[PDB]
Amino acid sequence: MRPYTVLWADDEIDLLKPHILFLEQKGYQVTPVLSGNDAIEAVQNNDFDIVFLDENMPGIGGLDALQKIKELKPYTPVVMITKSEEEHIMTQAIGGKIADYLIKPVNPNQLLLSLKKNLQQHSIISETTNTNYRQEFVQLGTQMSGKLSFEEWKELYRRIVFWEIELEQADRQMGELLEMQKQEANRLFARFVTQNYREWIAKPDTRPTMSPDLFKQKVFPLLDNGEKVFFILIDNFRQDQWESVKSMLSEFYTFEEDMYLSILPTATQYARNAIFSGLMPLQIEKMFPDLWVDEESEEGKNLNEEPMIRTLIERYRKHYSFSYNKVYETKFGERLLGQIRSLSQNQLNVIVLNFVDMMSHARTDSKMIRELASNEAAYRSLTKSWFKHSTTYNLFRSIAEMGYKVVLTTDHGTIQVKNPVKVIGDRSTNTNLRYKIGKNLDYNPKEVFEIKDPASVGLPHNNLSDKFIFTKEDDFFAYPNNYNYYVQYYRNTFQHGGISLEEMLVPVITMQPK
């Protein structure tokens, strides 16, 4: 290697000769200077790896030297090594983007620690992530194997996502080894769902929490305990997207993290209507035929969610005051943000955000989103940018100021599809690549989850359709009339409505304002 270079500025550098010898023995080149002006010049005309800085020096002070050095080379770490214990100096150093602040007398090893932490942090963390994943990779495969409970599935998926993000900043083949494990997880999760889905619908008392159960399990207990709640539903928000925005929200909230199961199809007109109605889609139609819109109509499929909310509140003999707001466009979030505090009168404030859904679909037809979200790390990254720079960030921030509980959840996720499944003859479901509705559908029954009795899984259908077929894993339906184009166009896009961990196992977070 080459040695890391250290520029050290102190009016009494002679008193630090022992420390300089120690660092020089550990492979570091130290250039000493005696003033801020000499340190500034050295930084200007050199490319030092790190800068050590005294505060009290004849001439300009370290805090003033720090400002200049940060404008010249803001990416260069600066450590303040001073005898000052004044809080004012600490405060201004932190504010000046100091990397470390060490109070004299300093143990030389404390300087070694700063040098490693501030110059080799990334490679150290990278090597530990690989090492830790190598240790735990086996434990994850076996944890996967066998017959897992629902709660065991939650923790496994939680563990897989964690490694998805950790291994972004680590070795490649560790990352593609995780992809294999994730692939195997989705396969085994698919069997878990198809073997139990009909029973889940049949026996509502022994089933995991699903869309129709969401409000009863996670909202009503809060409201019944006297608490004021903001139910915020970001449509098409996967588990790994929650993990991406989690740290940002931690500045303002504490979390109780949970997950729950979306119903099939993992689509908005079914799962999200089931949430706000508290019922399986078929039960919405029977009990409230005026609020259900069947898949044929050109009318909107989720325009009646507020009335559904009122029937659910009434259906459990609750008297909650509530509001419902639906946000698509950029301007309407700023407007809702402006009128946010007028909602303080209501116990329950429901907010639906549709942009991640829009963006997720734009991964198919928008060259721009094909660039910004080429892979799932970019998609997560792009989700961070949106959350921070849209009005969503300050919306969550204003709610916290209002002393409101927030239940942050979604209706379904989405998955990056890879391999086609042939199909033909459906009705009006060509728009969805993960589920299909119709009669006389030619397909391979081995490749899908067949629902020939839709009313058994709480699904309505008009007389021109009698069955549902769902994809599994990362498959997507493809027609043969324009097959080769169809396949090249939709491969690697994001699609929902089928069976996968990404689509079905989705977050529900109960957040308390700090």
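Start at 1 with the first residue shown and count on from there.
- Remark: stretch with higher mean C-alpha B factor among 162 to 170 and 243 to 251 is 162 to 170.
- Comparing 476 to 484 with 45 to 53, the higher mean C-alpha B-factor in the PDB entry belongs to 476 to 484.
- Going by the entry's values, 286 shows the largest Cα B-factor out of 83, 272, 286, 117.
- Comparing C-alpha B-factors across 268, 209, 129, 225 in the deposited entry, the largest value falls on 225.
- Looking at the C-alpha B-factors along this chain, the one for residue 411 belongs to the lowest third.
- Remark: residue 3 belongs to the highest third of its chain, ranked by C-alpha B-factor as recorded.
- Among the modelled residues of the chain, residue 14 sits in the highest third by CA temperature factor in this PDB entry.
- Among the modelled residues of the chain, residue 384 sits in the lowest third by CA temperature factor in this PDB entry.
- For residue 260, the recorded CA temperature factor ranks within the lowest third of the chain's modelled residues.
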